[PDB]
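K.L.:
For reference, this is data.pdb, and it has PDB, C-alpha atoms.
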```pdb
ATOM      1  CA  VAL A  31       0.000   0.000   0.000
ATOM      2  CA  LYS A  32       1.636   3.167  -1.313
ATOM      3  CA  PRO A  33       0.677   6.810  -1.639
ATOM      4  CA  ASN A  34      -0.216   8.179  -5.070
ATOM      5  CA  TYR A  35       0.874  11.836  -4.966
ATOM      6  CA  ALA A  36       0.140  13.595  -8.250
ATOM      7  CA  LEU A  37       1.058  17.150  -9.308
ATOM      8  CA  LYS A  38      -1.714  19.724  -8.787
ATOM      9  CA  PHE A  39       0.016  23.142  -9.108
ATOM     10  CA  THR A  40       3.343  24.748  -9.959
ATOM     11  CA  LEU A  41       3.811  28.054  -8.172
ATOM     12  CA  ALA A  42       6.083  30.525  -9.900
ATOM     13  CA  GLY A  43       7.209  33.918  -8.720
ATOM     14  CA  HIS A  44      10.491  33.685  -6.827
ATOM     15  CA  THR A  45      13.439  35.113  -8.763
ATOM     16  CA  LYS A  46      16.197  33.090  -7.087
ATOM     17  CA  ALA A  47      16.446  29.661  -5.381
ATOM     18  CA  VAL A  48      13.561  28.825  -3.034
ATOM     19  CA  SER A  49      14.906  27.953   0.442
ATOM     20  CA  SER A  50      11.899  26.786   2.502
ATOM     21  CA  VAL A  51       8.173  26.147   2.293
ATOM     22  CA  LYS A  52       5.809  25.767   5.295
ATOM     23  CA  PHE A  53       2.058  25.293   5.588
ATOM     24  CA  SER A  54       0.111  27.372   8.122
ATOM     25  CA  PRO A  55      -1.040  25.338  11.138
ATOM     26  CA  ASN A  56      -4.659  25.928  10.008
ATOM     27  CA  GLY A  57      -3.874  24.544   6.537
ATOM     28  CA  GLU A  58      -5.090  27.486   4.507
ATOM     29  CA  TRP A  59      -1.724  29.033   3.463
ATOM     30  CA  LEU A  60       1.718  28.097   2.255
ATOM     31  CA  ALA A  61       4.613  30.466   3.016
ATOM     32  CA  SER A  62       7.870  30.270   1.043
ATOM     33  CA  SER A  63      11.237  32.008   1.461
ATOM     34  CA  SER A  64      13.977  32.563  -1.088
ATOM     35  CA  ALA A  65      17.468  33.756  -1.793
ATOM     36  CA  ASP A  66      15.600  36.595  -3.554
ATOM     37  CA  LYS A  67      15.068  38.235  -0.070
ATOM     38  CA  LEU A  68      11.292  37.700  -0.220
ATOM     39  CA  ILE A  69       8.616  35.747   1.577
ATOM     40  CA  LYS A  70       5.615  34.802  -0.524
ATOM     41  CA  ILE A  71       2.188  33.557   0.628
ATOM     42  CA  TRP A  72       0.066  31.191  -1.498
ATOM     43  CA  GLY A  73      -3.359  29.537  -1.115
ATOM     44  CA  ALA A  74      -2.760  25.930  -0.027
ATOM     45  CA  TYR A  75      -5.690  24.535  -1.987
ATOM     46  CA  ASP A  76      -5.846  26.555  -5.191
ATOM     47  CA  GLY A  77      -2.109  27.492  -5.251
ATOM     48  CA  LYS A  78      -3.069  31.128  -5.889
ATOM     49  CA  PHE A  79      -0.371  33.707  -5.085
ATOM     50  CA  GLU A  80      -1.592  35.919  -2.214
ATOM     51  CA  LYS A  81       1.171  38.418  -1.385
ATOM     52  CA  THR A  82       4.866  39.229  -1.129
ATOM     53  CA  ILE A  83       6.436  40.222   2.220
ATOM     54  CA  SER A  84       9.639  42.194   1.958
ATOM     55  CA  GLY A  85      12.154  43.876   4.233
ATOM     56  CA  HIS A  86      15.206  41.648   4.641
ATOM     57  CA  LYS A  87      18.405  43.062   3.108
ATOM     58  CA  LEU A  88      19.796  39.695   1.968
ATOM     59  CA  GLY A  89      18.469  36.212   1.149
ATOM     60  CA  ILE A  90      16.221  34.246   3.506
ATOM     61  CA  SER A  91      16.990  30.632   4.483
ATOM     62  CA  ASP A  92      13.916  29.707   6.492
ATOM     63  CA  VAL A  93      10.414  30.864   7.537
ATOM     64  CA  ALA A  94       8.092  29.479  10.249
ATOM     65  CA  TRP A  95       4.500  30.083  11.374
ATOM     66  CA  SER A  96       3.147  30.796  14.843
ATOM     67  CA  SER A  97       0.298  28.642  16.191
ATOM     68  CA  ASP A  98      -2.219  31.446  15.446
ATOM     69  CA  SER A  99      -1.417  31.198  11.679
ATOM     70  CA  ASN A 100      -0.819  34.989  11.487
ATOM     71  CA  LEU A 101       2.710  35.602  12.694
ATOM     72  CA  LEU A 102       5.708  34.425  10.670
ATOM     73  CA  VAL A 103       9.379  34.488  11.595
ATOM     74  CA  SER A 104      12.131  34.487   8.930
ATOM     75  CA  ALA A 105      15.908  33.840   9.117
ATOM     76  CA  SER A 106      18.217  35.786   6.803
ATOM     77  CA  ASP A 107      21.781  36.197   5.577
ATOM     78  CA  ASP A 108      21.491  39.808   6.814
ATOM     79  CA  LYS A 109      22.205  38.266  10.272
ATOM     80  CA  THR A 110      18.714  39.038  11.573
ATOM     81  CA  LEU A 111      15.377  37.365  11.986
ATOM     82  CA  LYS A 112      12.159  39.306  11.423
ATOM     83  CA  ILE A 113       8.733  38.701  12.932
ATOM     84  CA  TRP A 114       5.922  39.559  10.510
ATOM     85  CA  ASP A 115       2.192  40.185  10.699
ATOM     86  CA  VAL A 116       1.050  38.187   7.621
ATOM     87  CA  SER A 117      -2.373  39.935   7.522
ATOM     88  CA  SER A 118      -0.708  43.342   7.093
ATOM     89  CA  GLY A 119       2.709  42.258   5.673
ATOM     90  CA  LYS A 120       4.391  44.493   8.236
ATOM     91  CA  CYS A 121       7.608  43.756  10.099
ATOM     92  CA  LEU A 122       6.726  43.872  13.839
ATOM     93  CA  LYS A 123      10.252  43.220  15.233
ATOM     94  CA  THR A 124      13.800  42.640  13.995
ATOM     95  CA  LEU A 125      15.759  40.152  16.134
ATOM     96  CA  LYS A 126      19.384  41.221  16.261
ATOM     97  CA  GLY A 127      22.359  39.431  17.800
ATOM     98  CA  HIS A 128      23.761  36.692  15.536
ATOM     99  CA  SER A 129      27.178  37.633  14.115
ATOM    100  CA  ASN A 130      26.629  35.805  10.787
ATOM    101  CA  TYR A 131      23.953  34.285   8.501
ATOM    102  CA  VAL A 132      20.848  32.960  10.280
ATOM    103  CA  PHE A 133      19.996  29.573   8.740
ATOM    104  CA  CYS A 134      16.977  28.224  10.643
ATOM    105  CA  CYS A 135      14.130  29.252  12.933
ATOM    106  CA  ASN A 136      10.967  28.062  14.651
ATOM    107  CA  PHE A 137       8.327  29.235  17.122
ATOM    108  CA  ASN A 138       7.574  27.134  20.156
ATOM    109  CA  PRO A 139       4.026  25.676  20.365
ATOM    110  CA  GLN A 140       3.059  28.385  22.892
ATOM    111  CA  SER A 141       4.205  30.989  20.337
ATOM    112  CA  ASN A 142       6.029  33.110  22.904
ATOM    113  CA  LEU A 143       9.597  32.036  22.036
ATOM    114  CA  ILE A 144      11.558  31.727  18.798
ATOM    115  CA  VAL A 145      14.662  29.535  18.381
ATOM    116  CA  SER A 146      17.280  30.289  15.706
ATOM    117  CA  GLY A 147      20.476  28.682  14.434
ATOM    118  CA  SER A 148      23.286  30.407  12.648
ATOM    119  CA  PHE A 149      26.476  30.163  10.632
ATOM    120  CA  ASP A 150      27.979  31.763  13.788
ATOM    121  CA  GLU A 151      27.680  28.288  15.385
ATOM    122  CA  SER A 152      25.197  29.424  18.045
ATOM    123  CA  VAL A 153      21.552  28.736  18.859
ATOM    124  CA  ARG A 154      19.568  31.683  20.250
ATOM    125  CA  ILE A 155      16.269  31.775  22.104
ATOM    126  CA  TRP A 156      14.266  34.960  21.675
ATOM    127  CA  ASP A 157      11.300  36.562  23.446
ATOM    128  CA  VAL A 158       8.505  37.139  20.880
ATOM    129  CA  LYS A 159       6.938  40.003  22.895
ATOM    130  CA  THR A 160      10.075  42.114  23.444
ATOM    131  CA  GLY A 161      12.252  40.843  20.586
ATOM    132  CA  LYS A 162      15.117  40.410  23.049
ATOM    133  CA  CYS A 163      17.562  37.511  22.991
ATOM    134  CA  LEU A 164      16.994  35.539  26.187
ATOM    135  CA  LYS A 165      19.792  32.965  25.758
ATOM    136  CA  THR A 166      22.762  32.359  23.473
ATOM    137  CA  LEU A 167      23.774  28.683  23.424
ATOM    138  CA  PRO A 168      27.315  27.812  22.365
ATOM    139  CA  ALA A 169      25.688  24.897  20.573
ATOM    140  CA  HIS A 170      28.106  23.706  17.876
ATOM    141  CA  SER A 171      31.561  24.063  16.267
ATOM    142  CA  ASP A 172      30.282  24.642  12.695
ATOM    143  CA  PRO A 173      27.151  26.239  11.190
ATOM    144  CA  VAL A 174      23.822  25.194  12.761
ATOM    145  CA  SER A 175      21.735  23.532  10.031
ATOM    146  CA  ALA A 176      18.382  23.104  11.872
ATOM    147  CA  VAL A 177      16.536  23.833  15.117
ATOM    148  CA  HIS A 178      13.150  22.540  16.228
ATOM    149  CA  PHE A 179      11.013  22.594  19.398
ATOM    150  CA  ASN A 180       9.335  19.454  20.629
ATOM    151  CA  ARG A 181       5.564  19.028  21.147
ATOM    152  CA  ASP A 182       5.327  21.234  24.245
ATOM    153  CA  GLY A 183       8.347  23.473  23.726
ATOM    154  CA  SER A 184      10.293  22.037  26.668
ATOM    155  CA  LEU A 185      13.137  20.838  24.424
ATOM    156  CA  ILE A 186      15.016  22.054  21.369
ATOM    157  CA  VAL A 187      16.915  19.826  18.971
ATOM    158  CA  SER A 188      19.748  21.291  16.917
ATOM    159  CA  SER A 189      21.976  19.869  14.169
ATOM    160  CA  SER A 190      25.248  21.017  12.668
ATOM    161  CA  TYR A 191      27.796  20.335   9.924
ATOM    162  CA  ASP A 192      30.098  19.548  12.915
ATOM    163  CA  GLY A 193      28.391  16.119  12.875
ATOM    164  CA  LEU A 194      26.445  16.438  16.106
ATOM    165  CA  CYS A 195      22.780  16.517  16.983
ATOM    166  CA  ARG A 196      22.049  18.010  20.432
ATOM    167  CA  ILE A 197      18.965  18.114  22.633
ATOM    168  CA  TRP A 198      18.556  21.198  24.834
ATOM    169  CA  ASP A 199      16.333  22.086  27.768
ATOM    170  CA  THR A 200      14.558  25.296  26.660
ATOM    171  CA  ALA A 201      14.099  26.914  30.095
ATOM    172  CA  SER A 202      17.688  26.432  31.286
ATOM    173  CA  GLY A 203      19.572  26.333  27.973
ATOM    174  CA  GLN A 204      21.408  23.188  29.111
ATOM    175  CA  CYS A 205      22.505  20.409  26.737
ATOM    176  CA  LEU A 206      20.814  17.229  27.886
ATOM    177  CA  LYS A 207      21.999  14.871  25.143
ATOM    178  CA  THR A 208      24.604  14.795  22.377
ATOM    179  CA  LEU A 209      24.022  12.195  19.665
ATOM    180  CA  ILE A 210      27.219  11.042  17.966
ATOM    181  CA  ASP A 211      28.321   8.864  15.114
ATOM    182  CA  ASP A 212      31.746   7.366  14.516
ATOM    183  CA  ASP A 213      32.657   8.612  10.997
ATOM    184  CA  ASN A 214      30.940  11.837  12.038
ATOM    185  CA  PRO A 215      29.173  12.917   8.843
ATOM    186  CA  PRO A 216      27.798  16.516   8.739
ATOM    187  CA  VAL A 217      24.191  16.644   9.996
ATOM    188  CA  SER A 218      22.241  18.820   7.529
ATOM    189  CA  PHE A 219      18.760  18.633   9.060
ATOM    190  CA  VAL A 220      16.910  17.517  12.191
ATOM    191  CA  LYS A 221      13.421  17.646  13.680
ATOM    192  CA  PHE A 222      11.410  15.924  16.413
ATOM    193  CA  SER A 223       8.737  13.372  15.593
ATOM    194  CA  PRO A 224       5.143  14.586  16.212
ATOM    195  CA  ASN A 225       5.064  12.822  19.610
ATOM    196  CA  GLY A 226       8.459  14.195  20.633
ATOM    197  CA  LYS A 227       9.989  10.782  21.425
ATOM    198  CA  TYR A 228      12.222  10.535  18.330
ATOM    199  CA  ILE A 229      14.342  12.772  16.149
ATOM    200  CA  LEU A 230      14.738  12.456  12.383
ATOM    201  CA  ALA A 231      18.234  13.532  11.252
ATOM    202  CA  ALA A 232      19.729  13.911   7.766
ATOM    203  CA  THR A 233      23.465  13.465   7.173
ATOM    204  CA  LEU A 234      25.497  14.377   4.115
ATOM    205  CA  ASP A 235      26.212  10.735   3.330
ATOM    206  CA  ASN A 236      22.819  10.297   1.604
ATOM    207  CA  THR A 237      21.122   8.992   4.741
ATOM    208  CA  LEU A 238      18.203   9.847   6.990
ATOM    209  CA  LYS A 239      18.030   8.248  10.450
ATOM    210  CA  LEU A 240      15.276   7.964  13.037
ATOM    211  CA  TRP A 241      16.716   8.051  16.578
ATOM    212  CA  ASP A 242      15.345   7.403  20.061
ATOM    213  CA  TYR A 243      17.496  10.178  21.515
ATOM    214  CA  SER A 244      16.906   9.215  25.170
ATOM    215  CA  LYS A 245      18.324   5.734  24.518
ATOM    216  CA  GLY A 246      20.840   6.961  21.937
ATOM    217  CA  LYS A 247      19.497   4.245  19.627
ATOM    218  CA  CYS A 248      19.024   4.449  15.867
ATOM    219  CA  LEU A 249      15.719   2.775  15.051
ATOM    220  CA  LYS A 250      15.355   3.294  11.292
ATOM    221  CA  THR A 251      17.539   4.371   8.363
ATOM    222  CA  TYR A 252      16.209   5.700   5.028
ATOM    223  CA  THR A 253      18.438   5.602   2.000
ATOM    224  CA  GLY A 254      18.472   5.776  -1.807
ATOM    225  CA  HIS A 255      18.138   9.558  -2.240
ATOM    226  CA  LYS A 256      20.994  12.031  -2.812
ATOM    227  CA  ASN A 257      22.159  14.425  -0.102
ATOM    228  CA  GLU A 258      25.849  15.365   0.038
ATOM    229  CA  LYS A 259      25.729  19.190   0.172
ATOM    230  CA  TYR A 260      22.517  20.960   1.208
ATOM    231  CA  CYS A 261      20.238  21.290   4.223
ATOM    232  CA  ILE A 262      17.219  19.492   2.779
ATOM    233  CA  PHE A 263      14.047  19.552   4.907
ATOM    234  CA  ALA A 264      12.420  16.213   5.742
ATOM    235  CA  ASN A 265       9.048  15.427   7.309
ATOM    236  CA  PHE A 266       6.813  12.883   8.994
ATOM    237  CA  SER A 267       3.606  12.549   6.933
ATOM    238  CA  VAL A 268       0.749  11.531   9.247
ATOM    239  CA  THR A 269      -2.532  12.526   7.553
ATOM    240  CA  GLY A 270      -2.882   9.151   5.755
ATOM    241  CA  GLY A 271      -0.191   6.446   5.585
ATOM    242  CA  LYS A 272       2.798   6.917   7.907
ATOM    243  CA  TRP A 273       5.600   8.100   5.623
ATOM    244  CA  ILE A 274       8.914   9.960   5.708
ATOM    245  CA  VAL A 275       9.168  12.676   3.029
ATOM    246  CA  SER A 276      12.325  14.431   1.856
ATOM    247  CA  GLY A 277      13.830  16.362  -1.029
ATOM    248  CA  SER A 278      16.922  15.192  -2.900
ATOM    249  CA  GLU A 279      19.856  16.431  -4.944
ATOM    250  CA  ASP A 280      18.687  14.300  -7.891
ATOM    251  CA  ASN A 281      15.648  16.651  -8.297
ATOM    252  CA  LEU A 282      13.082  14.208  -6.890
ATOM    253  CA  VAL A 283      10.866  14.129  -3.823
ATOM    254  CA  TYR A 284      11.339  10.816  -1.969
ATOM    255  CA  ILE A 285       8.687   9.124   0.106
ATOM    256  CA  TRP A 286       9.449   6.113   2.342
ATOM    257  CA  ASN A 287       7.341   3.815   4.484
ATOM    258  CA  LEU A 288       8.323   4.852   8.035
ATOM    259  CA  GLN A 289       8.172   1.279   9.369
ATOM    260  CA  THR A 290       9.508  -0.796   6.473
ATOM    261  CA  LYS A 291      12.004   1.826   5.200
ATOM    262  CA  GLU A 292      11.128   1.059   1.561
ATOM    263  CA  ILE A 293      10.851   3.873  -0.995
ATOM    264  CA  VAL A 294       7.149   4.034  -1.884
ATOM    265  CA  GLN A 295       7.110   6.976  -4.313
ATOM    266  CA  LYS A 296       9.523   9.335  -6.093
ATOM    267  CA  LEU A 297       7.899  12.532  -7.408
ATOM    268  CA  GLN A 298       9.289  13.756 -10.700
ATOM    269  CA  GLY A 299       8.897  17.276 -12.102
ATOM    270  CA  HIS A 300      11.447  19.664 -10.586
ATOM    271  CA  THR A 301      14.472  20.671 -12.684
ATOM    272  CA  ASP A 302      16.899  21.345  -9.823
ATOM    273  CA  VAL A 303      17.688  20.123  -6.295
ATOM    274  CA  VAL A 304      14.551  19.735  -4.146
ATOM    275  CA  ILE A 305      15.663  21.705  -1.121
ATOM    276  CA  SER A 306      12.481  21.707   0.921
ATOM    277  CA  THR A 307       9.318  19.670   1.401
ATOM    278  CA  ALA A 308       6.340  20.285   3.710
ATOM    279  CA  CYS A 309       3.314  18.139   4.602
ATOM    280  CA  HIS A 310      -0.160  19.664   5.017
ATOM    281  CA  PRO A 311      -1.567  19.441   8.597
ATOM    282  CA  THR A 312      -4.864  17.731   7.660
ATOM    283  CA  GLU A 313      -4.889  16.751   3.965
ATOM    284  CA  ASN A 314      -2.576  14.375   2.031
ATOM    285  CA  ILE A 315      -0.828  17.321   0.357
ATOM    286  CA  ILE A 316       2.929  17.899  -0.023
ATOM    287  CA  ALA A 317       4.666  21.130  -1.030
ATOM    288  CA  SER A 318       8.138  20.869  -2.583
ATOM    289  CA  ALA A 319      10.593  23.619  -3.634
ATOM    290  CA  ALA A 320      13.712  23.777  -5.774
ATOM    291  CA  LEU A 321      16.964  25.646  -6.398
ATOM    292  CA  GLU A 322      17.917  28.287  -9.076
ATOM    293  CA  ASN A 323      17.466  26.300 -12.306
ATOM    294  CA  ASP A 324      13.874  25.728 -11.251
ATOM    295  CA  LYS A 325      12.771  28.358  -8.633
ATOM    296  CA  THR A 326       9.279  26.884  -8.345
ATOM    297  CA  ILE A 327       7.136  25.324  -5.660
ATOM    298  CA  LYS A 328       4.991  22.345  -6.483
ATOM    299  CA  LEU A 329       1.853  21.100  -4.711
ATOM    300  CA  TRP A 330       1.016  17.381  -4.849
ATOM    301  CA  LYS A 331      -2.083  15.503  -3.676
ATOM    302  CA  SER A 332      -2.603  11.826  -2.709
ATOM    303  CA  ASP A 333      -5.497   9.557  -1.685
ATOM    304  CA  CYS A 334      -3.466   8.212   1.271
TER
END
```
Would it be possible to restate this file's structure as structure tokens?
P.N.:
Amino acid sequence: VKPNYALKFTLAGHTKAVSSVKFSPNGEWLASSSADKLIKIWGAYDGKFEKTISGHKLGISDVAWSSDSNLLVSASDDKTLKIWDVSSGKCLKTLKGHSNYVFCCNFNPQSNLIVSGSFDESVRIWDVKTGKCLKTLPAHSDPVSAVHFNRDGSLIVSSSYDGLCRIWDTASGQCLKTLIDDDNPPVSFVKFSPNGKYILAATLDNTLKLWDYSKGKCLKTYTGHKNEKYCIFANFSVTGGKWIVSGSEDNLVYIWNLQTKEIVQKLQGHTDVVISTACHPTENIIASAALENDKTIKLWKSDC
């Protein structure tokens, strides 16, 4: 039993590589960021372009939605993050403190904190209300590739090209667990599972791994795609069948069975590296985005 994702829309408008796509928690919008310094908003169901949000001085690596589906945070090469009111398009706050490119960001579930990771090798935790940096974590010894809060915001996971994944206590900023691998390949992406018990980590040896971080045990490995250079976003798909979804440097979206680890679908259509994928919160819909030869976002729909 396999999904049957088929192409529904191709969304054009970005003028450089797309860097990230994320669905709103309420499912109605997709937000995308790009090396073109812009955030764009698109209808999730009809793929209709809604608006452009501008203000950053350099390219944007990541965007993320608050739980209310109306604030967005973005991470830019201009060394800042910005918090935006999507309704108005206005920048509410600029979060200053990183000393180099900001690569990744996320709100906590409560929507009162933002976590960021940077080329400066640090993870920062920011107060949404005041825009002040609450904590600077000396997290890694190379750029931070991803940061993600768990289900209740009590923990942060971070990854780095230094080859480590680390689990942090949010309130105290303490490192509770370092996950290591002999051979030490750069970790290009990480996120918690929906229940918070596992982390899914991508390494630049063409491998995704599902870890029980408390036990330091690797439970599943997903292979067969190409990932040797970029932070490529991966996802747990949970609306129908239980899948793992990722982009790939061979221009395809890969979908695996979470339990069996078999590749169940490869989605063809992009003409450059698929840098980012996102899974819709309630429908069997995937968004995918690609680098400069392509510059488009695609929306795909499945029966399961």
K.L.:
If I take atom CA of residue A:229 and atom CA of residue A:241, how far is one from the other in Å, to one decimal?
P.N.:
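Atom-to-atom, atom CA of residue A:229 to atom CA of residue A:241, that is 5.3 Å.
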K.L.:
Show me the residues around (4.8, 2.6, -2.9) - criterion: an atom at most 9 Å away, only C-alpha atoms counted - as a PDB file with C-alpha atoms, keeping the file's coordinate frame.
P.N.:
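For reference, point14.pdb as written:
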```
ATOM      1  CA  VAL A  31       0.000   0.000   0.000  1.00  0.00           C
ATOM      2  CA  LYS A  32       1.636   3.167  -1.313  1.00  0.00           C
ATOM      3  CA  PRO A  33       0.677   6.810  -1.639  1.00  0.00           C
ATOM      4  CA  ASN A  34      -0.216   8.179  -5.070  1.00  0.00           C
ATOM      5  CA  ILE A 285       8.687   9.124   0.106  1.00  0.00           C
ATOM      6  CA  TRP A 286       9.449   6.113   2.342  1.00  0.00           C
ATOM      7  CA  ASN A 287       7.341   3.815   4.484  1.00  0.00           C
ATOM      8  CA  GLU A 292      11.128   1.059   1.561  1.00  0.00           C
ATOM      9  CA  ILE A 293      10.851   3.873  -0.995  1.00  0.00           C
ATOM     10  CA  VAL A 294       7.149   4.034  -1.884  1.00  0.00           C
ATOM     11  CA  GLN A 295       7.110   6.976  -4.313  1.00  0.00           C
ATOM     12  CA  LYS A 296       9.523   9.335  -6.093  1.00  0.00           C
TER      13      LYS A 296
END
```
K.L.:
I need the residue set behind the PyMOL selection byres ((chain A and resi 71) around 10) for this file; please write it as number ranges by chain.
P.N.:
A: 51-54, 59-63, 69-70, 72-74, 77-83, 116
K.L.:
Got time to write the residues from that selection, C-alpha atoms, as a PDB file, keeping the file's coordinate frame?
P.N.:
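Printed below is out_0.pdb as written:
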```pdb
ATOM      1  CA  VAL A  51       8.173  26.147   2.293  1.00  0.00           C
ATOM      2  CA  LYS A  52       5.809  25.767   5.295  1.00  0.00           C
ATOM      3  CA  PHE A  53       2.058  25.293   5.588  1.00  0.00           C
ATOM      4  CA  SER A  54       0.111  27.372   8.122  1.00  0.00           C
ATOM      5  CA  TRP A  59      -1.724  29.033   3.463  1.00  0.00           C
ATOM      6  CA  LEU A  60       1.718  28.097   2.255  1.00  0.00           C
ATOM      7  CA  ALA A  61       4.613  30.466   3.016  1.00  0.00           C
ATOM      8  CA  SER A  62       7.870  30.270   1.043  1.00  0.00           C
ATOM      9  CA  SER A  63      11.237  32.008   1.461  1.00  0.00           C
ATOM     10  CA  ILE A  69       8.616  35.747   1.577  1.00  0.00           C
ATOM     11  CA  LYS A  70       5.615  34.802  -0.524  1.00  0.00           C
ATOM     12  CA  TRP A  72       0.066  31.191  -1.498  1.00  0.00           C
ATOM     13  CA  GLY A  73      -3.359  29.537  -1.115  1.00  0.00           C
ATOM     14  CA  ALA A  74      -2.760  25.930  -0.027  1.00  0.00           C
ATOM     15  CA  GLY A  77      -2.109  27.492  -5.251  1.00  0.00           C
ATOM     16  CA  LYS A  78      -3.069  31.128  -5.889  1.00  0.00           C
ATOM     17  CA  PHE A  79      -0.371  33.707  -5.085  1.00  0.00           C
ATOM     18  CA  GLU A  80      -1.592  35.919  -2.214  1.00  0.00           C
ATOM     19  CA  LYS A  81       1.171  38.418  -1.385  1.00  0.00           C
ATOM     20  CA  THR A  82       4.866  39.229  -1.129  1.00  0.00           C
ATOM     21  CA  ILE A  83       6.436  40.222   2.220  1.00  0.00           C
ATOM     22  CA  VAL A 116       1.050  38.187   7.621  1.00  0.00           C
TER      23      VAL A 116
END
```
K.L.:
When the PyMOL selection byres ((chain A and resi 137) around 8) is applied to the structure above, which residues does it catch, written out as a PyMOL selection string?
P.N.:
chain A and resi 94-96+103+135-136+138-145+179
K.L.:
For this structure, which residues satisfy the selection - the PyMOL selection byres ((chain A and resi 160-168) around 10) - when it is evaluated on the file as given? I want them as a ChimeraX atom specification.
P.N.:
/A:111-113,122-128,142-147,150-159,169-171,198,200-205
K.L.:
Return as JSON the centre and edge lengths, in Å with one decimal, of the box along x, y and z that encloses every atom of stretch 200-213 of chain A in the file, padded by 4 Å per side.
P.N.:
```
{"center_x": 23.4, "center_y": 17.1, "center_z": 21.1, "size_x": 26.6, "size_y": 27.5, "size_z": 28.3}
```
K.L.:
Rank A:37, A:232, A:283, A:42 by their smallest atom-to-atom distance to residue A:193, using all atoms listed in the file, and report the top residue only.
P.N.:
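Answer, going by the shortest atom-to-atom distance: A:232.
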K.L.:
Please provide the set of residues having any atom within 10 Å of residue A:268, restricted to all atoms listed in the file, with same-chain residues fewer than 3 positions apart removed, written as a PyMOL selection string.
P.N.:
chain A and resi 224+265+271-274+309-314+334
K.L.:
Could you jot down the atom CA of residue A:131 to atom CA of residue A:284 separation for me, Å, one decimal place?
P.N.:
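Distance between the two atoms: 28.6 Å.
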K.L.:
Counting all atoms listed in the file, figure out which residue out of A:99, A:64, A:225, A:326 gets nearest to residue A:183.
P.N.:
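Comparing A:99, A:64, A:225, A:326 against residue A:183, the winner is A:225.
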K.L.:
Just to confirm, what's the straight-line distance from atom CA of residue A:307 to atom CA of residue A:226 in Å (one decimal)?
P.N.:
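Calculated distance between atom CA of residue A:307 and atom CA of residue A:226 is 20.0 Å.
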K.L.:
For residue A:67, list every protein, DNA or RNA residue within 8 Å, evaluated using all atoms listed in the file, and leave out those in the same chain fewer than 3 positions away; present the list as a list in words.
P.N.:
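Contacts, in chain order: residues 63, 64, 84, 85, 86, 87, 88, 89, 90 and 106 of chain A.
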K.L.:
Rank nothing, just name the residue among A:282, A:288, A:321, A:176 nearest to residue A:132, using all atoms listed in the file.
P.N.:
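When distances to residue A:132 are compared using all atoms listed in the file, the smallest one comes from A:176.
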K.L.:
Quick one: of A:234, A:48, A:41, A:320, who's nearest to residue A:301, counting only C-alpha atoms?
P.N.:
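So, comparing all the options, the nearest one is A:320.
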K.L.:
As a short mmCIF file (atom, residue, chain, number, x, y, z; two decimals), keeping the file's coordinate frame, could you write out stretch 119-131 of chain A once it has been completed with N, CA and C atoms?
P.N.:
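Here's the written file part-v9.cif:
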```cif
data_model
loop_
_atom_site.label_atom_id
_atom_site.label_comp_id
_atom_site.auth_asym_id
_atom_site.auth_seq_id
_atom_site.Cartn_x
_atom_site.Cartn_y
_atom_site.Cartn_z
N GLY A 119 1.40 42.33 6.37
CA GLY A 119 2.71 42.26 5.67
C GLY A 119 3.81 43.04 6.37
N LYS A 120 3.49 43.58 7.55
CA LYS A 120 4.39 44.49 8.24
C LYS A 120 5.38 43.75 9.12
N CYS A 121 6.62 44.23 9.14
CA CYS A 121 7.61 43.76 10.10
C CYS A 121 7.30 44.33 11.50
N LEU A 122 6.99 43.46 12.46
CA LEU A 122 6.73 43.87 13.84
C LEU A 122 7.99 44.10 14.66
N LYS A 123 8.99 43.23 14.46
CA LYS A 123 10.25 43.22 15.23
C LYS A 123 11.39 42.70 14.36
N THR A 124 12.59 43.22 14.59
CA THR A 124 13.80 42.64 14.00
C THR A 124 14.66 42.14 15.14
N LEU A 125 15.03 40.86 15.07
CA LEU A 125 15.76 40.15 16.13
C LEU A 125 17.22 40.20 15.80
N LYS A 126 17.97 40.99 16.56
CA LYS A 126 19.38 41.22 16.26
C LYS A 126 20.27 40.63 17.33
N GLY A 127 21.37 40.01 16.89
CA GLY A 127 22.36 39.43 17.80
C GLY A 127 23.31 38.40 17.21
N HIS A 128 22.85 37.60 16.24
CA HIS A 128 23.76 36.69 15.54
C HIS A 128 24.85 37.51 14.82
N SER A 129 26.05 36.96 14.77
CA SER A 129 27.18 37.63 14.12
C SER A 129 27.41 37.14 12.68
N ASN A 130 26.53 36.27 12.18
CA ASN A 130 26.63 35.80 10.79
C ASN A 130 25.28 35.29 10.30
N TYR A 131 25.24 34.72 9.09
CA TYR A 131 23.95 34.28 8.50
C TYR A 131 23.09 33.49 9.47
#
```
